[PDB]
């Protein structure tokens, strides 16, 4: 696995001194709007959305290797980040049509990789929804789309992070037991597909392959995987790609995310860090809305800081440096 010198340097900028991606995610758009609105039964303003991102960026990027932000609301937050923190910018439009099964990808209309680099990104993230068992023609379209982005990133010589969120065309709720029973296949086989050279991907941002709340020991109810089956799922994930890959939190609790990382490492996964969002900053939303900006700053300086510092200490003992998977050429 061979990176250009420039892509290597950009990847170093979004990583810590140990060659692990210990990154903070806050590119949420519509999702954040709804999280805020619940506290007042009316929509937040643009100013409120931009300001909360600034606060999270200011207060927590001294403790992260980089931050992921959206162009729509996150550009002030990007400017406010710690000098040693790198920047990722999201390139996809959010979401999908709930009434079709295809969940096709679409880039933000005002952007190109070139423009995202010009705006200060060290790396570009694109989220793709993918069902490996879905309509083959849909998946041809998806593969073609990713090839285009991979080619843009090759030309602009900037790292391409592909985020894969799995789904099943036939299952509505990804939190269900029914989905838990197919998730390992969905996650690991999608990674296999997108490991092909033709997609130009530098880092995969992926789900852990199991739903941990259904793993023996973690399960309060039905158990879908034994501890050993879950461990096998992590080994199979590691075997599904030679690219660097990192985990998203999926908004699980800080404690569960920490436990998942420990479990992953014990099983044999050599994951290369995380792009961790809600698990770190979730509690700031209510404080910001109800108590205001300085109160939210104080939450970030206490509870947020505790969350991210605990994450960093887990990462030191669980994550593997990406420099061991990749070299310059």
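Positions refer to the first chain, counted from 1.
Test of understanding: from the entry's C-alpha B-factors, which stretch has the higher mean, 215-223 or 189-197?
Of 189-197 and 215-223, the stretch with the higher C-alpha B-factor average is 215-223.
Taking only the CA atoms, which stretch has the higher mean B-factor in the record, 105-113 or 247-255?
Going by the record's values, the stretch with the higher mean is 247-255.
Go through 169, 122, 207, 238 one by one and give the residue whose Cα B-factor in the PDB entry is largest.
Highest C-alpha B-factor among the listed residues goes to 169.
Would you mind checking where the Cα B-factor of residue 130 ranks among the modelled residues of its chain, as the lowest, middle or highest third?
Its C-alpha B-factor belongs to the lowest third of this chain's values.
Pull the Cα B-factor of residue 266 out of the PDB entry and bin it into the chain's lowest, middle or highest third.
Answer is middle: the recorded C-alpha B-factor places it there.
Can you tell me whether residue 305 has a C-alpha B-factor in the lowest, middle or highest third compared with the other modelled residues of the same chain?
Tercile = lowest for this residue's CA B-factor.
Could you place residue 76 in the lowest, middle or highest third of its chain by Cα temperature factor, using the values in the record?
As the PDB entry reports it, the C-alpha B-factor of residue 76 lands in the middle third of its chain.
Please place residue 39 in the lowest, middle or highest third of its chain according to the CA B-factor in the PDB entry.
As the PDB entry reports it, the C-alpha B-factor of residue 39 lands in the highest third of its chain.
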